[PDB]
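Have a look at the structure below before the remarks.
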Amino acid sequence: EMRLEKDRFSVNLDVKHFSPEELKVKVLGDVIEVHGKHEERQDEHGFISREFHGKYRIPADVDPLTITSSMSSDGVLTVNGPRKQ
Amino acid sequence: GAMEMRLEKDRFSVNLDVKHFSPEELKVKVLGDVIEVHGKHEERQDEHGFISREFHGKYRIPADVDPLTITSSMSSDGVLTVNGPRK
């Protein structure tokens with residue numbers, strides 16, 4: 001969920017079932033890259049693997065070096081940077 | 001957790017969180033005495049945004065559950081349940 005305000009630009013993701021250990025955020029050029037992987041090999045009667053990949057092009061008026069990520073209690077991953085004005 | 005298994009006296013069930021998936025994108029298969037589940041969701045806007053979401057799972061069916069009477073359902077809360085009565 002891309003969000004373009006006047007003041008900032010953010011990218012919000014629901015990652016409720018991934019711990020911070022299982023998430024990675026990278027920036028290369030003007031592209032934000034996000035990945036998550038969680039596994040529950042629960043015994044001999046079950047398993048589940050969950051995965052997501054995301055790429056988001058950064059607006060031209062946002063310096064890619066000013067980018068930061070964060071995770072909240074509600075289980076949301078945000079990648080954001082201020083817009084240069 | 002995104003998954004829980006639950007044994008009652010009348011039924012067996014497996015609950016799953018699949019909130020971000022539409023019914024079209026989900027697949028429930030009963031393979032003998034094993035349940036297999038799969039979902040894949042992709043949103044592309046070139047050349048600006050890409051999100052890809054995937055899950056894969058398998059569970060063993062208890063001996064007193066007939067694989068043939070296993071049904072699945074999807075709720076409005078975005079929850080997938082695979083359930084079968086017991087014998």
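Chain lettering (A, B, ...) mirrors the order of the structure tokens, residue numbering begins at 1 for each chain separately, and ligand numbering begins at 1 in order of display.
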DSSP on the backbone: what in chain B comes out strand (DSSP E), as a PyMOL selection string? chain B and resi 3-7+11-17+26-31+34-45+49-60+71-74+79-85
Near-residue 44 (chain A) list (12 Å; only C-alpha atoms; drop same-chain fewer than 6 positions) as a tab-separated table (two decimals) with C-alpha atoms, in the first residue's frame:
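File written: selection.tsv
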chain	number	residue	atom	x	y	z
B	34	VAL	CA	-2.89	-35.91	3.73
B	58	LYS	CA	0.41	-30.12	4.41
B	59	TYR	CA	-1.28	-31.91	7.32
B	60	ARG	CA	-1.91	-35.55	8.14
B	61	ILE	CA	-5.54	-36.69	8.46
B	62	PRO	CA	-6.32	-38.64	11.68
Please provide the set of residues having any atom within 10 Å of residue 65 (chain A), restricted to only C-alpha atoms, with same-chain residues fewer than 2 positions apart removed, written as a PyMOL selection string. chain A and resi 27-30+62-63+67-68+81
Pick the closest to residue 2 (chain A) from A:46, A:59, A:20, A:36: which is it, counting only C-alpha atoms? A:59
Distance cut-off 8 Å, counting only C-alpha atoms - which residues of chain B neighbour chain A? Return them as a PyMOL selection string. chain B and resi 1-2+47-61
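What separates CA of residue 19 (chain A) from CA of residue 79 (chain A) is a distance of 16.3 Å.
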With a distance cut-off of 10 Å and only C-alpha atoms, select the neighbouring residues of residue 12 (chain B), excluding the residue or stretch itself and same-chain residues fewer than 3 positions from it, and output the selection as a PyMOL selection string. chain B and resi 5-9+61-62+64-65+70+82-86
Compare B:15, B:40, B:69, B:4 by their minimum atom-to-atom distance to residue 27 (chain B), counting only C-alpha atoms, and give me the closest one. B:40
Between CA of residue 82 (chain A) and CA of residue 24 (chain A), measure the distance and give it in Å to one decimal.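 Interatomic distance here is 21.1 Å.
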When distances are computed from only C-alpha atoms, which of B:87, B:79, B:45, B:73 shows the smallest separation from residue 20 (chain B)? B:79
Running DSSP on the backbone, which parts of chain A land in helix (DSSP H, G or I), as an NGL selection string? :A and (20-22 or 64-66)
Next, the residues of the selection above should be written as a PDB file, in the first residue's frame with N, CA, C and O atoms.
ATOM      1  N   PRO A  20      10.571  -9.941  13.241  1.00  0.00           N
ATOM      2  CA  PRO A  20      11.621  -9.090  12.653  1.00  0.00           C
ATOM      3  C   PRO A  20      12.842  -9.867  12.137  1.00  0.00           C
ATOM      4  O   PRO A  20      13.475  -9.446  11.166  1.00  0.00           O
ATOM      5  N   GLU A  21      13.156 -10.984  12.791  1.00  0.00           N
ATOM      6  CA  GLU A  21      14.223 -11.902  12.363  1.00  0.00           C
ATOM      7  C   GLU A  21      13.997 -12.441  10.950  1.00  0.00           C
ATOM      8  O   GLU A  21      14.949 -12.813  10.263  1.00  0.00           O
ATOM      9  N   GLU A  22      12.734 -12.482  10.533  1.00  0.00           N
ATOM     10  CA  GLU A  22      12.322 -13.126   9.286  1.00  0.00           C
ATOM     11  C   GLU A  22      12.068 -12.140   8.141  1.00  0.00           C
ATOM     12  O   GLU A  22      11.661 -12.535   7.047  1.00  0.00           O
ATOM     13  N   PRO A  64      16.978   8.460  -1.993  1.00  0.00           N
ATOM     14  CA  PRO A  64      16.957   7.047  -1.579  1.00  0.00           C
ATOM     15  C   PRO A  64      17.835   6.736  -0.358  1.00  0.00           C
ATOM     16  O   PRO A  64      17.709   5.664   0.235  1.00  0.00           O
ATOM     17  N   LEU A  65      18.711   7.670   0.003  1.00  0.00           N
ATOM     18  CA  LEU A  65      19.594   7.520   1.159  1.00  0.00           C
ATOM     19  C   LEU A  65      18.904   7.953   2.456  1.00  0.00           C
ATOM     20  O   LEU A  65      19.373   7.626   3.551  1.00  0.00           O
ATOM     21  N   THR A  66      17.793   8.681   2.325  1.00  0.00           N
ATOM     22  CA  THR A  66      16.996   9.128   3.476  1.00  0.00           C
ATOM     23  C   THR A  66      15.912   8.115   3.864  1.00  0.00           C
ATOM     24  O   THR A  66      15.072   8.391   4.729  1.00  0.00           O
TER      25      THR A  66
END
Could you tell me how far CA of residue 18 (chain B) lies from CA of residue 39 (chain B), in Å and to one decimal?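 Here the two named atoms are 8.1 Å from each other.
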